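A short worksheet on the structure shown next.
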Amino acid sequence: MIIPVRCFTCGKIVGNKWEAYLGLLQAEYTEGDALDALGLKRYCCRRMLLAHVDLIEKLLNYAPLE
Amino acid sequence: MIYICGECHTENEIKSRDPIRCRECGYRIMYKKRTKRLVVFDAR
Amino acid sequence: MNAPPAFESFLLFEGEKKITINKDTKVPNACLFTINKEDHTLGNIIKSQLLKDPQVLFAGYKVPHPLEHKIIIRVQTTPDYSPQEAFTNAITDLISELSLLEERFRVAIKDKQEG
Amino acid sequence: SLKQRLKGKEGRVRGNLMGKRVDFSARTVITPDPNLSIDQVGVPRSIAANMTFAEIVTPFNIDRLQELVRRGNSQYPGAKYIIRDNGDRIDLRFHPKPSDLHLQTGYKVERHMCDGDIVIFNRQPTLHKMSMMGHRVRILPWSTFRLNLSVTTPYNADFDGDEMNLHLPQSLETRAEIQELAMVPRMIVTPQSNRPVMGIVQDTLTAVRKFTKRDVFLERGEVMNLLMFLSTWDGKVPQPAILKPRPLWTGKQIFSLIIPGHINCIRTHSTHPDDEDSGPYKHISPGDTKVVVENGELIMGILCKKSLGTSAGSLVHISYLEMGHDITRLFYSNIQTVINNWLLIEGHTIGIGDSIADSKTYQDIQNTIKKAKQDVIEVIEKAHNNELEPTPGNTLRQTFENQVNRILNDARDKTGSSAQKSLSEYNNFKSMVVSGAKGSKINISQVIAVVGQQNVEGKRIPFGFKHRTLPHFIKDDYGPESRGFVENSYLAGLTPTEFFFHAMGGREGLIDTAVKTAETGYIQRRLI
Amino acid sequence: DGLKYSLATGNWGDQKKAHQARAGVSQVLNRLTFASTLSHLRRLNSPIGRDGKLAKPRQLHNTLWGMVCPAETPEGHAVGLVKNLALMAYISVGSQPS
Amino acid sequence: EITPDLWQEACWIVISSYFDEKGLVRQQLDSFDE
Amino acid sequence: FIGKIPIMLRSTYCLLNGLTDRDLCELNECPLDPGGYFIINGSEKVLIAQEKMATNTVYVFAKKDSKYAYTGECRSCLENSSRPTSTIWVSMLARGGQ
Amino acid sequence: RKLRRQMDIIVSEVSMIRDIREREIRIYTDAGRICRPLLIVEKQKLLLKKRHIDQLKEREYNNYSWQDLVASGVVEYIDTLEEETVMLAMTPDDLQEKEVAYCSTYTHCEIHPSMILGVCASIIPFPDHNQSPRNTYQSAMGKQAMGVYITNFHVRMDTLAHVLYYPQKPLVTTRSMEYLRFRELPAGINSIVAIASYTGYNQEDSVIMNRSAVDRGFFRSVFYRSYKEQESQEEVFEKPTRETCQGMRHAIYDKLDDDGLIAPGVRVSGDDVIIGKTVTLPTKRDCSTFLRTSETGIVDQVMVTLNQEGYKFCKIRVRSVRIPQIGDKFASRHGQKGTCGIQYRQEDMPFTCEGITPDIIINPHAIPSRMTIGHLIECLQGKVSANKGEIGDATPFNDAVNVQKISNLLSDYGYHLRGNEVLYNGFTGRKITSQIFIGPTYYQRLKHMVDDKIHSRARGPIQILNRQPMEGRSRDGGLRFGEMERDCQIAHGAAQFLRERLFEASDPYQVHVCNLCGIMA
Amino acid sequence: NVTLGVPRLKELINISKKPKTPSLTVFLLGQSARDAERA
Amino acid sequence: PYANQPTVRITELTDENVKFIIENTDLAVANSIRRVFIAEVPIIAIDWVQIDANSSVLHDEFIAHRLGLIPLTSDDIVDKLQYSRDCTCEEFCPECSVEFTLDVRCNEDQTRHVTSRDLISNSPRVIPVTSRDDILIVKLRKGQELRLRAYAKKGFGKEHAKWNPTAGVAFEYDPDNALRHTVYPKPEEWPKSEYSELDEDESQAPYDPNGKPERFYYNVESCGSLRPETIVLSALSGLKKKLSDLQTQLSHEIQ
RNA sequence: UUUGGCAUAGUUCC
Ligand SMILES: [Mg+2]
Ligand SMILES: [Zn+2]
Ligand SMILES: [Zn+2]
Ligand SMILES: [Zn+2]
């Protein structure tokens, strides 16, 4: 839905890295290099960014009730 | 009692024993407005 | 629905005593200590410190159920020495070790930064 | 019509006289709890606060019952009703007047279920009498029916979404009946086959073998812990086997403390050869088989499914027949707790490193498979040249199929034997197979070497299309691959035709499972 | 009313004669997950009695290669009688041979 | 002009084109339209 | 006017046929919704494909212990006009005559 | 065949069969035949060429598509009984090539042999390393996992709906999931699973879950339920009053507004009144609707409208967040189902050298008898992918993915090649003697929870015709004491318990009888 | 080649005069038991 | 029968990381300190949310749960504060909680990111760690609005995991397997530890029968709330106060 | 502090 604030396994904060990760990918980076640059060191933290599916972008399409 | 129309998003007063119609857009689906009562959430 | 609140694992309620002392009638000079609202974080230190004592013949601990917060410690000591004295000496030695460790860590921090 | 009302199931007689819905019953999910006794069940606080038992007021308990009534229906250790001698009911769910709270002997107070209450626990279907046994209530925080693990075998219950039923007897007469007749420790040995109906199940069983190996030497602190988990322990730490240069105990030296009384028994490990009993070293047993228990001490041997299991004459069976239910219950509980808390030191797992073989073994398996395929080709050539001679009592097709299936079975068994004998002493498949916990040598063979032939209705895969199994084969092809002999193991993966043939093979098992159940139930009902 | 009733209840036939009418068509769409929705929308059915002990039509025939999934099937009283299309399978719509 | 040992991408390009053209519930839609 | 016919979603005669994802989002419809179901009294209905034996073909079977040895049936239908099926059998009596 | 391939006179849907032995030609234009596309092999070379592949891979802004591929005579539709006169090849570049001659007259070729699996079985990774019953079980359990089921769930008043907080796409995915859109609406979370026997609470298909992970949002979801009521005497939506209405209960009417409907955002506990409706008894009868017992949800949305006829209509939705307890049911993508056994905090779970405690611990005894090696291979491939940065490919029949290649790839990141890792005990801090197999596997939270299954009864409501307890957990009914159970009690010999269960616990009664004629008096 | 298991149990419990696979094991007396000729 | 004489050495010290080595200590003490790092170090975090208006696409419990996990700088005032269960106030006073306020509305044609930058506290020393990017809370369309009031209590990681002050605590002893606490079926497949003192050919150190685990290696990484030196010091003082209170209660019971 | 029933479909567990 929206990127979680903490990494489930260890608790490192990954909730401030999604925009930077997407920007690095758009700037012609591989996913491994982007994750290395963002400081995500262990695979528990890396999977939080690798496997995330951002549905709030789709949810923002529909108009609000008011 | 204020209901918000589901198409034009305009709130209008509707009382009991009254057909549920919307002025100025002619819709038939109305949503209740969020309550003013305060509810406390733990942040867990 | 049947979820206990999280604070019940470390808060003594109205009536509960922290530690109760009971004797063991199977073997002479044996005693059991029941500690409420504790876990391995204290049980392990107290057991490993009791084992260092040369006048302690038995020293163990166990958690009877992981869903119920309670620690049982059993210590048997040689005659002319009591398990209560062994327990109190163990706690005092642990406190002394921790105080010394904190002092040395603080001086190491001071050496590391601006030094 | 009235005949329809009385006719069959859901009809009056057979649906409301021979079986009917009852009060004081609960049903929720069951989850494991190795910290309970054999005859205990964990109950959520909601169910206990909802179910009640009527206790008669006497001078021995009037103060306690009055305090329960004072607590009332809100607080869990409370009560719901007060029943007068005349029979008129007094409510306690709301706020009552202080006058009705008066209690005198001869009254009845319907208190909430508490610890130590006796209940009957059941899992449907109820096949044998070990499916409805009496348990002792213990109240636990969350909301599932916690129950021990050795009691899994009587119920045939695993903890994947299962549910079980709770029935609470309401009178002292029926409570004493259930206590003296249907309690769990009293049903350890079944009268169906005079064997113990419950035994160690697969996790204490995969670990007691490792505990009882010769190598296990225990430090002083580890012995302290394990003895701390023993409920039937005298209080004296035994002399260590190894006394210098460092005091070391042994796994057998502590299982001896677990074993009760003075039990004499002689079993045999599951890897005991056929020469030790004959040649020399009969009583020395280089591989540490030939379990011997003298005077309640494990002198020698490795404990496995054949010693602690649910077979006739096992160690648990001897313990029952010699000591009684009250001591066999403690036997089970102590074995489980001690072995689990030791397993917290040794650990256990299963992985790809445990499912992978060696290059020499792969070469052996591939050679055997190629030889078998060549032999099948030769048999087919001889049959085509009409040189095959029929076996008496068999048709030409029957004898050809028998020869082909025999060759392929020999190939599969030889590859399986190679895979077995190429294992290691640290392999976790071997750990879970030798100890009898879960698995089999055929499963190890299918994982490592060869899945094997797939059969439909007892015959090879039939010709679904016009004279061929799939559109990828020529017509009239009787090779091993055409009719569904999977040459690959589960680790290497199956080619698409073998995948489809394997699915066709597994469908038969699913169908038989879904079919046999109703007929078995009907046969049992007719016999009853 | 006829079309609405037959689609609403699933008894494929007239209301007066819902005895021999074959029930089980027109189920209510599953919405637990997207995979549930898709596998519901691509589903077959064999009208063989679910209590029939003879289980030859319940087996996996050789001719289901690429037409019907070899794995996806319910378990219980309808094992092998409810099936699902393969991924690339198509069903003809019909024409006339003029 | 053969496609040798580059097949593991060609086959999936073909399959992707199939599912872009048709979809997953084309049978119901086509049957009702007809 | 002879009545109202239910319409399958996303089909050629629905209001969502051919619309883009932005229009679907405007109508509060999920662009990922596959369609292919009816809306009957609010609920969503799905027709389940029903298997049946092929028509207009001659099949020769045999029965276990019946009077005839071999049978042959031709389930006949006419271009989905009417008269659903008419299964004519051409049997052959067994050799166990008394 | 030439005319059908040109698509000139005969539509591509028509099938043609020649029975060479029996001298018959059969042509079908019928509706209902099931068919699948196949590639065409002319002599020994596919008619599909690199020019076709390039024109397809430029599919955008080129109006070249599957129809333009079919119209070129490259692919073809083959129904079931035309497949009996065709020779197929599973893989072009492997079966068309020169070998020891098996068949040199191939007539078609398979696009990819993994297109024989359905929608629900296309999500299993490495299904060719599994067992067929396990694949069937996963096909069953894939329709019960909880994830976002549709993107416009906020305007749907569905009777029951379940949506996960933070779904993730698999780190080990099949190539054919892009067509099922499992990347866009997934259902599950990648969890660090360790296969070990820790404290005995995962025995017999149970799961130990990290409670600290759960506190951070792991496998949390919402539950939406909708209620409806219309005013079909004179039923009216209105707020009842205790001392003016005939029918009444022990519930609270103070939540309602003037017209008798709860406004959204109002927390309602079990056994409350959502919609208040009253019938004018010819002086008012209460027919209010009550929350299903013990929900404890918050009103989410209220919709007021008119039904077909013209009576006022209302649908009210209630939400309740479901935090995974110790009774909830979880399953992976390999037919391994289990319920939570107990939850440990982070300080108690075993840890690696780098402080990576597992999210889930599963028993090692589940593997040897079930033979789900796809589970282990998925774990290994996920451990490689989470470090490398790619997303692993687990399409069934590959020949370019081996356990050896995966292990070699994993050894280059500092880990043991076969996946094991030295863990430390949580309570004591000591190393565990046996190394544990740990890695990120993709788990699912099934629909079956414990709060929707717990049920108890002690003297509740009673049926009308038989005066026996009701049936149904929603109606506070009892548990049936069937004939098998009474036979078991007969075998036990507990005559008094059996009589209590069949007479006293259920309906007791008294009658009078005449001593002369056995007829009730 | 006989019937075992659930069908056999069904037949033995509800005895029918027409079993699915009736059989008759026969033992020979003398030299017919050993020599294949009289066998 | 007496205490040990532990010694420390800090290998690396940065703004989010401390690596040190404890020596001459028992494994039980080292592991107890390791456990106390995670669980019993007090931290300030949001524990009471009241949502005035939420027209966003996430429900109120979702937003509150996200708010709870935003770390607040409690470097110096975590000791001054009191537990709310231990305070004389009615519900909340400045001596036992910190109040936050969020009020964001979107009136533009571009999606707006509500971040932790928008949380405003009354006390200037308790602010989100991304306020000297930002932790995203929710995204708003045009016309959507969020507004709430939140209170930040004091607690530690045994109660909830939002009060856990650490990210990953790496603990390791005896990098070369000289004590044989773990047994390798094949010792040469296993990568050498970071602190190994072996050559490129030898895989395991030779067995040492008369040895006990000493020289534990730590690596405490902080999640931004406390700084990674005060995490260690508060653990040594926090464990020391648990033992002292046990000794007080034992002395009453004995007498 | 009072009690609807019939049918069909799907699912869980042996
Ligand atoms: Mg089960
Ligand atoms: Zn992490
Ligand atoms: Zn309007
Ligand atoms: Zn205060």
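We name chains A, B, ... following the order of the structure tokens; residues begin at 1 in each chain, and ligands are numbered from 1 as shown.
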Item to check | chain E residues near chain D (12 Å cut-off, only C-alpha atoms) as a ChimeraX atom specification | outcome: /E:50-66,68-81
Next, the residues of the selection above should be written as a compact mmCIF listing (two decimals), in the first residue's frame with C-alpha atoms.
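Written out: part.txt:
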```txt
# COMPACT_ATOMS: atom_id res chain seq x y z
CA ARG E 50 -20.86 -35.59 -6.76
CA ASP E 51 -21.74 -38.66 -4.66
CA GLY E 52 -20.92 -41.15 -7.44
CA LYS E 53 -18.44 -43.73 -6.17
CA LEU E 54 -17.28 -44.70 -9.67
CA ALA E 55 -14.36 -42.31 -10.14
CA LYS E 56 -13.28 -42.79 -13.75
CA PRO E 57 -14.50 -39.30 -14.80
CA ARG E 58 -12.71 -37.96 -11.70
CA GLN E 59 -9.29 -38.99 -13.00
CA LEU E 60 -6.86 -36.87 -15.02
CA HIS E 61 -7.19 -38.00 -18.62
CA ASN E 62 -4.30 -37.74 -21.07
CA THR E 63 -6.29 -35.37 -23.29
CA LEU E 64 -6.22 -32.54 -20.73
CA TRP E 65 -2.71 -31.54 -21.82
CA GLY E 66 -2.71 -27.80 -22.40
CA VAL E 68 -7.14 -27.98 -18.41
CA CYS E 69 -4.86 -27.43 -15.43
CA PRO E 70 -3.41 -30.73 -14.14
CA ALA E 71 -3.18 -29.50 -10.54
CA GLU E 72 -5.91 -26.98 -9.70
CA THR E 73 -8.90 -28.97 -8.46
CA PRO E 74 -11.04 -28.96 -5.30
CA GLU E 75 -10.70 -31.69 -2.71
CA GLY E 76 -13.64 -33.50 -1.18
CA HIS E 77 -16.97 -34.42 -2.74
CA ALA E 78 -16.04 -32.72 -6.02
CA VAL E 79 -12.45 -33.83 -6.62
CA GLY E 80 -11.85 -34.07 -10.34
CA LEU E 81 -15.33 -32.82 -11.24
```
Next on the checklist: Around ligand 3, which protein and nucleic acid residues have at least one atom no more than 8 Å from it, if we count only C-alpha atoms (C1' of nucleotides) and all ligand atoms? List them as JSON, numbers by chain.
Outcome noted: {"B": [4, 5, 6, 7, 8, 9, 10, 11, 21, 22, 23, 24, 25, 26, 27, 28]}
Store the residues picked out above, limited to N, CA and C atoms, as a compact mmCIF listing (two decimals), in the first residue's frame.
```txt
# COMPACT_ATOMS: atom_id res chain seq x y z
N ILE B 4 -23.86 13.98 2.21
CA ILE B 4 -23.02 14.40 1.10
C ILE B 4 -23.38 13.57 -0.12
N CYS B 5 -23.64 14.24 -1.24
CA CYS B 5 -23.97 13.54 -2.47
C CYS B 5 -22.75 12.80 -3.00
N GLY B 6 -23.00 11.63 -3.58
CA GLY B 6 -21.93 10.80 -4.09
C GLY B 6 -21.42 11.15 -5.46
N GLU B 7 -22.02 12.14 -6.12
CA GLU B 7 -21.59 12.53 -7.46
C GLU B 7 -21.04 13.95 -7.51
N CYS B 8 -21.79 14.93 -7.02
CA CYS B 8 -21.35 16.32 -7.02
C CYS B 8 -20.67 16.72 -5.71
N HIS B 9 -20.62 15.83 -4.72
CA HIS B 9 -19.91 16.06 -3.47
C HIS B 9 -20.44 17.27 -2.71
N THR B 10 -21.72 17.59 -2.89
CA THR B 10 -22.34 18.73 -2.24
C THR B 10 -23.26 18.25 -1.13
N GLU B 11 -23.06 18.79 0.07
CA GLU B 11 -23.86 18.39 1.22
C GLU B 11 -25.15 19.19 1.27
N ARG B 21 -33.11 12.75 -2.57
CA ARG B 21 -32.69 13.32 -3.84
C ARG B 21 -31.68 14.42 -3.58
N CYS B 22 -30.84 14.68 -4.57
CA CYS B 22 -29.83 15.72 -4.47
C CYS B 22 -30.21 16.90 -5.35
N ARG B 23 -30.19 18.09 -4.77
CA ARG B 23 -30.42 19.30 -5.53
C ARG B 23 -29.25 19.55 -6.49
N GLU B 24 -29.56 20.23 -7.59
CA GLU B 24 -28.61 20.76 -8.56
C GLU B 24 -27.76 19.69 -9.24
N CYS B 25 -27.98 18.41 -8.92
CA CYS B 25 -27.38 17.34 -9.72
C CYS B 25 -28.28 16.14 -9.95
N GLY B 26 -29.38 15.98 -9.21
CA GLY B 26 -30.32 14.90 -9.46
C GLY B 26 -29.77 13.50 -9.27
N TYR B 27 -28.99 13.28 -8.22
CA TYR B 27 -28.47 11.97 -7.89
C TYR B 27 -29.33 11.34 -6.80
N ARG B 28 -29.06 10.07 -6.51
CA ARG B 28 -29.88 9.32 -5.56
C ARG B 28 -29.09 8.55 -4.51
```
Show me, as a tab-separated table (two decimals) with C-alpha atoms, in the first residue's frame, the residues that have an atom within 12 Å of residue 11 (chain I) when counting only C-alpha atoms (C1' of nucleotides), minus same-chain residues fewer than 5 positions from it.
```tsv
chain	number	residue	atom	x	y	z
D	523	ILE	CA	-18.93	-50.17	7.95
I	3	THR	CA	-9.90	-58.42	-3.63
I	4	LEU	CA	-8.59	-57.08	-0.31
I	5	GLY	CA	-9.35	-54.21	2.01
I	6	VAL	CA	-12.58	-52.22	2.15
I	16	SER	CA	-23.25	-62.35	-0.91
I	17	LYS	CA	-23.82	-65.52	-2.90
I	18	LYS	CA	-21.85	-63.94	-5.79
I	19	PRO	CA	-18.42	-62.79	-4.57
I	20	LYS	CA	-16.41	-60.59	-6.90
I	21	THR	CA	-13.43	-62.97	-7.19
I	22	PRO	CA	-14.33	-66.43	-5.86
```
Residue neighbourhood region 20-26 of chain E, 12 Å, only C-alpha atoms (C1' of nucleotides), exclusion window fewer than 3 positions, as a PDB file with C-alpha atoms (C1' of nucleotides), in the first residue's frame:
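Produced file selection-v9.pdb, reproduced below:
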```
ATOM      1  CA  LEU E   3     -33.866 -14.329 -16.930  1.00  0.00           C
ATOM      2  CA  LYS E   4     -33.438 -12.512 -13.614  1.00  0.00           C
ATOM      3  CA  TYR E   5     -34.602 -15.511 -11.569  1.00  0.00           C
ATOM      4  CA  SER E   6     -32.498 -18.070 -13.415  1.00  0.00           C
ATOM      5  CA  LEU E   7     -29.408 -15.902 -13.009  1.00  0.00           C
ATOM      6  CA  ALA E   8     -30.194 -15.071  -9.372  1.00  0.00           C
ATOM      7  CA  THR E   9     -30.812 -18.570  -8.017  1.00  0.00           C
ATOM      8  CA  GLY E  10     -28.770 -20.802 -10.315  1.00  0.00           C
ATOM      9  CA  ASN E  11     -31.569 -23.298 -10.978  1.00  0.00           C
ATOM     10  CA  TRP E  12     -31.330 -23.348 -14.762  1.00  0.00           C
ATOM     11  CA  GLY E  13     -34.966 -23.555 -15.803  1.00  0.00           C
ATOM     12  CA  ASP E  14     -38.443 -22.299 -15.082  1.00  0.00           C
ATOM     13  CA  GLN E  15     -39.443 -21.543 -11.504  1.00  0.00           C
ATOM     14  CA  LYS E  16     -42.371 -23.985 -11.520  1.00  0.00           C
ATOM     15  CA  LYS E  17     -40.072 -26.845 -12.547  1.00  0.00           C
ATOM     16  CA  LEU E  29     -18.469 -14.183  -7.760  1.00  0.00           C
ATOM     17  CA  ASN E  30     -15.596 -14.850  -5.372  1.00  0.00           C
ATOM     18  CA  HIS E  40     -13.571 -18.293 -10.597  1.00  0.00           C
ATOM     19  CA  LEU E  41     -14.126 -16.570 -13.936  1.00  0.00           C
ATOM     20  CA  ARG E  43     -13.922 -22.495 -14.427  1.00  0.00           C
ATOM     21  CA  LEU E  44     -15.544 -25.662 -15.796  1.00  0.00           C
ATOM     22  CA  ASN E  45     -17.954 -28.226 -14.364  1.00  0.00           C
ATOM     23  CA  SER E  46     -18.805 -31.886 -14.949  1.00  0.00           C
ATOM     24  CA  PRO E  47     -22.485 -32.579 -14.218  1.00  0.00           C
ATOM     25  CA  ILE E  48     -21.687 -36.055 -12.888  1.00  0.00           C
ATOM     26  CA  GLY E  49     -23.252 -36.676  -9.493  1.00  0.00           C
ATOM     27  CA  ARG E  50     -20.864 -35.586  -6.757  1.00  0.00           C
ATOM     28  CA  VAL E  82     -14.536 -29.086 -11.022  1.00  0.00           C
TER      29      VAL E  82
ATOM     30  CA  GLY G  36     -17.347 -11.127 -17.530  1.00  0.00           C
ATOM     31  CA  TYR G  37     -20.060 -11.299 -14.867  1.00  0.00           C
ATOM     32  CA  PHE G  38     -23.630 -10.102 -14.427  1.00  0.00           C
ATOM     33  CA  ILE G  39     -25.038  -7.828 -11.729  1.00  0.00           C
ATOM     34  CA  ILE G  40     -28.332  -9.323 -10.537  1.00  0.00           C
ATOM     35  CA  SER G  43     -24.811  -9.291  -6.323  1.00  0.00           C
ATOM     36  CA  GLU G  44     -22.354 -10.394  -9.007  1.00  0.00           C
ATOM     37  CA  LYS G  45     -23.115 -13.648 -10.818  1.00  0.00           C
ATOM     38  CA  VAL G  46     -20.737 -15.866 -12.802  1.00  0.00           C
ATOM     39  CA  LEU G  47     -21.872 -18.537 -15.236  1.00  0.00           C
ATOM     40  CA  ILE G  48     -19.969 -21.826 -14.967  1.00  0.00           C
ATOM     41  CA  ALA G  49     -19.123 -23.700 -18.160  1.00  0.00           C
ATOM     42  CA  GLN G  50     -21.026 -26.987 -18.239  1.00  0.00           C
ATOM     43  CA  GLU G  51     -19.553 -30.044 -19.921  1.00  0.00           C
TER      44      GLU G  51
ATOM     45  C1'   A K   7     -33.532 -24.815  -0.814  1.00  0.00           C
ATOM     46  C1'   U K   8     -28.702 -24.073  -3.338  1.00  0.00           C
ATOM     47  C1'   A K   9     -23.541 -22.828  -3.516  1.00  0.00           C
ATOM     48  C1'   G K  10     -18.680 -22.451  -1.581  1.00  0.00           C
TER      49        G K  10
END
```
Item to check | Given 9 Å and only C-alpha atoms (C1' of nucleotides) and all ligand atoms, residues near ligand 2 as a ChimeraX atom specification | outcome: /A:6-14,40-48 /H:356 /J:167-168
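Taking only C-alpha atoms (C1' of nucleotides) and all ligand atoms into account, ligand 4 has within 10 Å the residues residues 81, 82, 83, 84, 85, 86, 87, 88, 89, 90, 91, 92, 93, 94, 95, 96, 97 and 153 of chain J.
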Please save C-alpha atoms of the selected residues as a PDB file, in the first residue's frame.
```
ATOM      1  CA  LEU J  81      10.314  12.198  32.198  1.00  0.00           C
ATOM      2  CA  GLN J  82       8.095   9.941  34.287  1.00  0.00           C
ATOM      3  CA  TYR J  83       5.963   6.991  33.297  1.00  0.00           C
ATOM      4  CA  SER J  84       2.349   8.005  32.744  1.00  0.00           C
ATOM      5  CA  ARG J  85       1.298   5.236  35.132  1.00  0.00           C
ATOM      6  CA  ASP J  86       3.702   6.761  37.681  1.00  0.00           C
ATOM      7  CA  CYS J  87       2.599  10.402  37.447  1.00  0.00           C
ATOM      8  CA  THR J  88       0.350  12.572  39.603  1.00  0.00           C
ATOM      9  CA  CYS J  89      -1.453  14.183  36.664  1.00  0.00           C
ATOM     10  CA  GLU J  90      -4.922  13.160  35.533  1.00  0.00           C
ATOM     11  CA  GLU J  91      -4.149  12.009  31.988  1.00  0.00           C
ATOM     12  CA  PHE J  92      -1.233  14.012  30.562  1.00  0.00           C
ATOM     13  CA  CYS J  93       0.996  16.814  31.835  1.00  0.00           C
ATOM     14  CA  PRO J  94       4.272  18.211  30.475  1.00  0.00           C
ATOM     15  CA  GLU J  95       6.178  16.212  33.112  1.00  0.00           C
ATOM     16  CA  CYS J  96       5.193  12.837  31.626  1.00  0.00           C
ATOM     17  CA  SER J  97       4.422  13.355  27.918  1.00  0.00           C
ATOM     18  CA  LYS J 153       4.807   8.848  26.339  1.00  0.00           C
TER      19      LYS J 153
END
```
Item to check | Residue set, chain B restricted to strand (DSSP E), as a ChimeraX atom specification | outcome: /B:2-5,11-13,30-32,40-41
When you look at residue 30 (chain F) with a cut-off of 8 Å (counting only C-alpha atoms (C1' of nucleotides)), what residues show up, excluding the ones that are within fewer than 4 positions of it in the same chain? I need them as a CSV table (one decimal) with N, CA, C and O atoms, in the first residue's frame.
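Writing done, so here's result_24.csv:
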```
chain,number,residue,atom,x,y,z
E,93,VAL,N,-16.3,-20.2,-30.4
E,93,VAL,CA,-17.6,-19.4,-30.2
E,93,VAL,C,-18.7,-19.9,-31.2
E,93,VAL,O,-19.8,-19.8,-30.9
F,26,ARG,N,-11.6,-13.8,-22.0
F,26,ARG,CA,-12.1,-13.6,-23.3
F,26,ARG,C,-13.2,-14.5,-23.7
F,26,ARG,O,-14.1,-14.2,-24.5
F,34,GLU,N,-21.5,-13.0,-28.9
F,34,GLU,CA,-22.1,-13.8,-30.0
F,34,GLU,C,-23.5,-14.1,-29.8
F,34,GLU,O,-24.3,-14.1,-30.7
G,11,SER,N,-18.6,-6.3,-21.8
G,11,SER,CA,-18.9,-6.8,-23.1
G,11,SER,C,-19.3,-5.7,-24.0
G,11,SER,O,-19.4,-4.5,-23.6
```
Item to check | Picked from chain A by DSSP as helix (DSSP H, G or I), as JSON, numbers by chain | outcome: {"A": [18, 19, 20, 21, 22, 23, 24, 25, 26, 31, 32, 33, 34, 35, 36, 37, 43, 44, 45, 46, 47, 48, 49, 50, 56, 57, 58, 59]}
Next on the checklist: List as a PyMOL selection string the protein and nucleic acid residues near residue 490 (chain D), meaning an atom at most 10 Å away when only C-alpha atoms (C1' of nucleotides) are counted, but skip any in the same chain fewer than 6 places from it.
Outcome noted: (chain D and resi 355+445-451) or (chain H and resi 127-131+371-374)
Next on the checklist: Need the shell around region 32-43 of chain C: protein/DNA/RNA residues with any atom at most 8 Å away, counting only C-alpha atoms (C1' of nucleotides). Skip same-chain ones fewer than 4 positions apart. Format as an NGL selection string?
Outcome noted: (:C and (9-12 or 16-24 or 47 or 61-63 or 69-75)) or (:H and (427-428)) or (:J and (32 or 35-36 or 243))
Item to check | Surroundings of ligand 1 up to 10 Å, based on only C-alpha atoms (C1' of nucleotides) and all ligand atoms, as a PyMOL selection string | outcome: (chain D and resi 156-163) or (chain H and resi 204-205+337-338) or (chain K and resi 12-14)
